[PDB]
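Here's the structure, in structure tokens; my notes come after.
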Amino acid sequence: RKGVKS
Amino acid sequence: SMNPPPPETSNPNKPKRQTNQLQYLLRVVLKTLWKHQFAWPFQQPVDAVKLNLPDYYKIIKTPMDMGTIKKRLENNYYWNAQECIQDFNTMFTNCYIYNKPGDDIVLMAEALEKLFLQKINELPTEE
Ligand SMILES: [Cl-]
Ligand SMILES: [Cl-]
Ligand SMILES: [Cl-]
Ligand SMILES: [Cl-]
Ligand code: NA
Ligand code: NA
Ligand code: NA
Ligand code: NA
Ligand code: NA
Ligand code: NA
Ligand code: NA
Ligand code: NA
């Protein structure tokens, strides 16, 4: 729900 | 749709003490998680308005984050170390409720939680 963070 | 106010962090009506374990929770446990490369999604309340997460506070009714925990420790909000540990656990559980396996934030939470649990296994002697 918060998407890509890498 | 709106963000709620952040959790309470200072209550002058709650009694105040400093203990070996509370010091450890701030100066070792929280400090180590805070400086971790994966800490940033967890360092403040979720701003669901700015992040465009309209359902976040429809789903998460006990929000918690490390910025709040840090302030609670700094303001002697907790009397027992386990109250602080419980807030960390709430923070991780919220992440696993809201986000799906495979989501980057879940891998981040799992790594931070394993590190948290390792540090809690070295909780120092109680008074
Ligand atoms: Cl996502
Ligand atoms: Cl004290
Ligand atoms: Cl970070
Ligand atoms: Cl709601
Ligand atoms: Na206290
Ligand atoms: Na402390
Ligand atoms: Na420290
Ligand atoms: Na790191
Ligand atoms: Na939050
Ligand atoms: Na509830
Ligand atoms: Na939260
Ligand atoms: Na994942």
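The table for this structure:
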item	result
Residue mean of other protein chain beta carbons inside 10 Å, B:47-60	1
Charge sum, other residues only, whose C-beta stays under 11 Å from residue B:96's C-beta, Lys/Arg counted +1 and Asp/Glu -1	-2
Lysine pair count for chain B [Cα-Cα under 13 Å; pairs on different chains or 8 or more apart]	4
Degrees, to the nearest 10: B:81-98 long Cα axis against longest axis of chain B	10 degrees
Anisotropy class of chain B from Cα gyration tensor, a/c 1.5 cut	oblate
Degrees between helix B:104-120 axis and first principal axis of chain B (Cα, 0 to 90, nearest 10)	10 degrees
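A short reminder: the numbers here are calculations on the coordinates, not readings from a lab. Virtual Cβ from ideal backbone geometry, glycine too; neighbours counted across all protein chains shown.
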